[PDB]
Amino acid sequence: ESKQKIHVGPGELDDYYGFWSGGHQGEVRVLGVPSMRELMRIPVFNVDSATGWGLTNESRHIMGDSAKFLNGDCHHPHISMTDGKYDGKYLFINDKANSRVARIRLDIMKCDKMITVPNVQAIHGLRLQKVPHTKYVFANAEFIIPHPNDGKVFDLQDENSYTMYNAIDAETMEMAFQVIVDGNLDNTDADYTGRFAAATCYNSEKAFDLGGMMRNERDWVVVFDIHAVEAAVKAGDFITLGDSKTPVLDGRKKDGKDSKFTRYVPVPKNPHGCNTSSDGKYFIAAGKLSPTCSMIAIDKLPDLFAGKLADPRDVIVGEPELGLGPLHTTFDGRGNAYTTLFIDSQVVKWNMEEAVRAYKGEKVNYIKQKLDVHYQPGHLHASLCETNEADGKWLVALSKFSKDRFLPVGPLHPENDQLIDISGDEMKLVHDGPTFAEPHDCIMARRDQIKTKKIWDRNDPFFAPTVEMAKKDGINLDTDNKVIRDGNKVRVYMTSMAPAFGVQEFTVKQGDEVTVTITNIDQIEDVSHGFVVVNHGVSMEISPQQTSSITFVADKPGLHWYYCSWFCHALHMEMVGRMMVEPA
């Protein structure tokens, strides 16, 4: 029976962490499951007024040149793995809007690295190497562009117009390699060995019109032999593009002939999801325009890459007919797959091995249950489904139209992320969770897979550059309350300890570029401070033992108040200071 409790009462804790994509809003959200309450927001591609992410020097340093963008579009959150199990170190996420990948450190729940993927447009599909560990982050660039894209050629049928599959080194967050592909790229997953990855393609037609993109009854799943790519990179057998030293391998077909890096497995039709079963047997492609999933036997891939198979379709071992609009698939670890039907507006539960038998002509009932969802589901996620610990307890289906499921709030509606108990034979819908801005996908982890810090380490790399700047000024950040003058630059350093800033007044000249660096020397957990300069667009958080810094121009003469924004003490309202700006 499906019977688990969803209520988490006052004083009780959730059993799992949920990491939600922020969708078009650009952040990552931490939820407790099964309460479905949002515990934290982690700013990534958004600018966050509260913490100052996007304003502070530390955050802008992480974002690099891309700190000029105030937007992102996130879809695909994934947690780093060791030996096919979550290791709790990192969360990675895409940015479709400005072509980035970000890394979040799960001990501090902050974005700590970010990369603009070179020579591509729109980072969509993203998933992680599972075994031996997450060495690579694999990311799809969705859109075909010219190379170079310098405005001389615009034609997407040109021989140098393409997109690429991308591998980022997880630990360094520098590029590892790129593989040029035929067609385009939608979603991606990885096997349980480290050798193989796979991605769906919906535009095998290389067409730039809606209808053109649906002409072929089959596109493909493209499979990558990562070992062969790695070998070619070691041999120096690669080109580079634009200004990037990233190794670029060519995985396109040449006059019908396969490269060593890729195989193209025909699959109907504009397929979307690409999901690796938790037993490691299958890459399962969701058929979208075709009312099917296609099951690729991972076991057969070495033979495919060796030329031992007559036809690339020989790796397909199942093509179950499921219903209208299949988009994404997940796993209970009991041998069932669960697939979203966008058009039928359901989740379909189906037995994978039976579908494989059906494909060989046995008459079997692989469909177990169809559950109505509300409405038009996209992704779905079962607890621990990306790991060999898939536990079959909870499932979340993320549906794009909520219609009448919540109180009306105007023309813009929330998404409906529905919690489903899958612990028994029958799926049961237990909670409707409204969410903002279209999280597309989410990922769950056991409470015991995530270990967080209670207060910051003074040596944390997040603010290491600030610590270096201080050293150059002769400043001991744990103690000093000083104003350094450097031409028209002023560098204010202070400690803070509730309810007092360590520097409560300073004076500068109109036009000076002021940097304020604050170290919160409280040691009690949860005593955060803030810093806001009135009417100057200046806001940041400083948590216990953190150093944070922010730069602004003092372009207004007169007296300008600053205050602590984070309620920190009974005397919080009085935790203030004054900047005096002498007229030009």
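Start at 1 and count along the sequence shown; that's the residue number. Between two forms, the rigid core is defined as the largest C-alpha subset superposing within 1.5 Å.
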After core superposition, the stretch with larger RMS C-alpha deviation in 4 other deposited structures of this protein, comparing 386-394 and 146-154, is 146-154
Which is farther from the shown form in 4 other deposited structures of this protein in C-alpha RMS with the core fitted, 413-421 or 236-244? 236-244
With B-factors read from the PDB entry, the higher C-alpha mean of 5-13 and 557-565 is in 5-13
Entry-level comparison of average CA B-factors, 145-153 and 450-458, reporting the higher stretch: 145-153
C-alpha B-factor winner, where the candidates are 432, 186, 95, 473: 473
Hey, out of 243, 73, 107, 191, whose CA B-factor is highest in the deposited coordinates? 243
Here the Cα B-factor of residue 99, set against its chain, lands in the third termed lowest
Which third, lowest, middle or highest, does the CA B-factor of residue 479 fall in along this chain? highest
Thinking about Cα B factors across the chain, which third does residue 87 belong to? middle
Where does residue 165 sit by CA temperature factor within its chain: lowest, middle or highest third? lowest
Within-chain third of residue 38 by Cα B-factor, per the entry: lowest
